[PDB]
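Here the structure is laid out as structure tokens; the discussion comes afterwards.
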Amino acid sequence: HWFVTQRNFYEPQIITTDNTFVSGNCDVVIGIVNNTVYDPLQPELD
Amino acid sequence: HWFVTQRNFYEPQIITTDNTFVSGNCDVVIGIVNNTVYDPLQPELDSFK
Amino acid sequence: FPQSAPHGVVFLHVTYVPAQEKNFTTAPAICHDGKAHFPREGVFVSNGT
Ligand SMILES: *[C@@H]1O[C@H](CO)[C@@H](O[C@@H]2O[C@H](CO)[C@@H](O)[C@H](O)[C@H]2NC(C)=O)[C@H](O)[C@H]1NC(C)=O
Ligand SMILES: *[C@@H]1O[C@H](CO)[C@@H](O)[C@H](O)[C@H]1NC(C)=O
């Protein structure tokens, strides 16, 4: 799995849109890795 | 339309609550812009209910 | 604003010093229904209630 951690200390977190923004189209960057983020809205409509 | 980009390299981005925070009100805001943003929760609820 | 002087230069630095201040009962953070919250631009304060 893929985790987003701070710079110095190692504190993994579930990769969420709250701690990551969007940009570009993913068709120009190099090194992109396919992965899924969590959508909080899903549990609210079950 | 407006964008949010870093201060050293032009990376225009769709302004969203993802990378924006609120600490005021229109009355307190000067030259407030009646400009909307995207909330990634409204249309999804209506589609799948 | 620079200002010339004989064999020298005289500046007119324009500063901004805060005036009178009030005491407030601040707090490190805030949380409602088991969800810790943190300030985004400023620091929390308390009118008293
Ligand atoms: C942005 O929205 C505010 C909301 O009040 C607008 O303020 C009012 O705009 C109407 C438009 O006819 C005026 O009649 C009112 O006098 C304004 N103030 C109040 C208190 O109602 C504001 O005009 C909008 N901005 C733009 C550029 O349209
Ligand atoms: C990531 O997803 C895209 C979506 O079509 C796909 O084309 C691409 O092959 C995927 N990446 C890898 C490494 O398979």
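Values quoted throughout were computed directly from the atomic coordinates according to the rules given, and no laboratory measurement underlies them. Here Cβ is always computed from backbone atoms with ideal geometry, including for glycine, and neighbour counts include all displayed protein chains.
Among the residues of segment A:4-14, are any under 21 Å from B:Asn19 (Cα atoms), within 16 Å of ligand 2 (Cβ to nearest atom) and within 14 Å of chain B (Cβ to nearest Cβ)?
no
Condition first: part of a loop (DSSP other than H, G, I, E, B) and facing another protein chain (nearest Cβ under 8 Å). Now tell me which residues in segment B:37-47 satisfy that.
The answer is B:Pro40, B:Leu41.
So the check is Cβ under 6 Å with 6+ separation or different chains; which pairs have a first residue in segment B:13-31 that's surrounded by 10 or more Cβ atoms within 10 Å (Cβ to Cβ) and a second one that's not hydrophobic (A, V, I, L, M, F, W, C) and not in a strand (DSSP E or B)?
Here the result reads B:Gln13/A:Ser23; B:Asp18/A:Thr17, each pair linking segment B:13-31 to a residue that is not hydrophobic (A, V, I, L, M, F, W, C) and not in a strand (DSSP E or B).
Looking only at segment A:16-31, count how many residues are outside any helix (DSSP H, G or I) and more than 8 Å from every other protein chain (Cβ to nearest Cβ).
8
Has segment C:37-47 got at least one residue that is exposed (fewer than 10 other Cβ atoms within 10 Å of the Cβ), more than 14 Å from chain B (Cβ to nearest Cβ), in a loop (DSSP other than H, G, I, E, B) and of a type in the set (D, E, K, R)?
So far as segment C:37-47 goes, no, none of its residues is exposed (fewer than 10 other Cβ atoms within 10 Å of the Cβ), more than 14 Å from chain B (Cβ to nearest Cβ), in a loop (DSSP other than H, G, I, E, B) and of a type in the set (D, E, K, R).
For A:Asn34, are the conditions met, namely being within 14 Å of another protein chain (Cβ to nearest Cβ) and of a type outside the set (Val, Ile, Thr)?
no
Would you confirm whether any residue within segment C:5-26 is in a loop (DSSP other than H, G, I, E, B), acidic (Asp, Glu) and in contact with a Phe, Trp or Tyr (Cβ under 8 Å, 6 or more places away or on another chain)?
Checking segment C:5-26: not a single residue is in a loop (DSSP other than H, G, I, E, B), acidic (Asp, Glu) and in contact with a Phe, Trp or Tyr (Cβ under 8 Å, 6 or more places away or on another chain).
Can you tell me how many residues within segment A:32-46 are within 22 Å of B:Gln42 (Cα to Cα), within 16 Å of ligand 2 (Cβ to nearest atom) and surrounded by 10 or more Cβ atoms within 10 Å (Cβ to Cβ)?
1
Which residues, taken from segment C:7-36, are away from chain B (no Cβ under 14 Å) and surrounded by 10 or more Cβ atoms within 10 Å (Cβ to Cβ)?
C:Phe24, C:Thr26, C:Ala27
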